[PDB]
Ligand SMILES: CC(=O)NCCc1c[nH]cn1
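We begin with a single chain expressed as structure tokens, specifically the form solved without the named molecule.
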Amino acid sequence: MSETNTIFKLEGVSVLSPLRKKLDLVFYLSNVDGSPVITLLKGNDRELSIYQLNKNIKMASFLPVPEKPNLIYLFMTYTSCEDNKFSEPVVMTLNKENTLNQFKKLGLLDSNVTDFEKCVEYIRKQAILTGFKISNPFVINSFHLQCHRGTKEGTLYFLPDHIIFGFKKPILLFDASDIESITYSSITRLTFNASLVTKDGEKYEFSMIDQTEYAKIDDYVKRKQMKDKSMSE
């Protein structure tokens, strides 16, 4: 852990999960085997560390923050933490503008750059060069919608191969191929409810879904159940 082997560092990223804190993200290669590593720091003391990303990273994706065009989620599922401290998805919020200014001040992007996505394809490039991959599904036309689970609101990210529920513990991650059924209920003037039944039989009820979001949801489930019908062969 030194400045030389450090790829890029981001100060002021807002970590929501596992713990909620404004920390500094660091992406670098270990001096032992040159394997990639992610670290969340508070000053110089490390709050979190995911080692051997190329191996331990199960999933990684950029997910838009609803109604906040200048903020973007980084979402990551992993196997083992630093001494197995946490075991839940790392979710954080990068400020687009700030991330741009930092990368340019670091010389990672030319001072001429003004588009934030360039910052993304750079990160995604760094993942690829080390062993793992970070997706960017929002650029099946991936979509997301607000809805309630119980009494608390949350986002629903319908991605090409996964469905996420947005970021209030517990966070939900469905393999698209794990959906066995979907039932619609509580139809109202403006909304409806949808309960997903998985293969193992778990039922999850999502509420207050805008009726507009139905078509995208059903079709999404049909196309998945469809492809699946052929994967049995």
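All residue numbers are counted from 1 along the displayed sequence.
Unmodelled stretch separating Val139 from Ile140: 10 or more residues (count of deposited-sequence residues without coordinates). Here the stretch with the larger average CA B-factor, out of 224 to 232 and 3 to 11, is 224 to 232.
Here the stretch with the larger average CA B-factor, out of 109 to 117 and 123 to 131, is 109 to 117. Taking the PDB entry at face value, the top CA B factor among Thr155, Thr151, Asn95, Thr77 belongs to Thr151. Remark: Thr183 belongs to the middle third of its chain, ranked by C-alpha B-factor as recorded. Ranked by Cα temperature factor within the chain, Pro64 sits in the lowest third according to the deposited record. Per the deposited record, the Cα B-factor of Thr99 falls in the middle third when ranked against the other modelled residues of its chain. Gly166: CA B factor lies in the middle third for its chain, per the PDB record. The PDB entry assigns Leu23 a C-alpha temperature factor belonging to the highest third of its chain's modelled residues.
What comes next is about the form deposited with the named molecule bound, which does not appear here.
Although the partner is absent here, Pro160 sits close enough that one of its heavy atoms falls within 4.5 Å of the named molecule in the entry with it bound. Taking the partner from elsewhere, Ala176 is found to have a heavy atom lying within 4.5 Å of the named molecule in the entry with it bound. Under a 4.5 angstroms non-hydrogen atom cutoff, the named molecule in the entry with it bound has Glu11 among its neighbouring residues. Proximity of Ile140 to the named molecule in the entry with it bound: non-hydrogen atoms within 4.5 Å are present. Using a 4.5 Å cut-off to the named molecule in the entry with it bound, not one of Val37, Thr39 and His148 places a heavy atom inside that distance. Residue-level contacts in the entry with it bound: of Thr77, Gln126, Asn95, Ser135, one residue has a heavy atom within 4.5 Å of the named molecule, and it is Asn95. None of 79 to 87, 149 to 157, 118 to 126, 98 to 106 except one has non-hydrogen atoms within 4.5 angstroms of the named molecule in the entry with it bound; the exception is 98 to 106.
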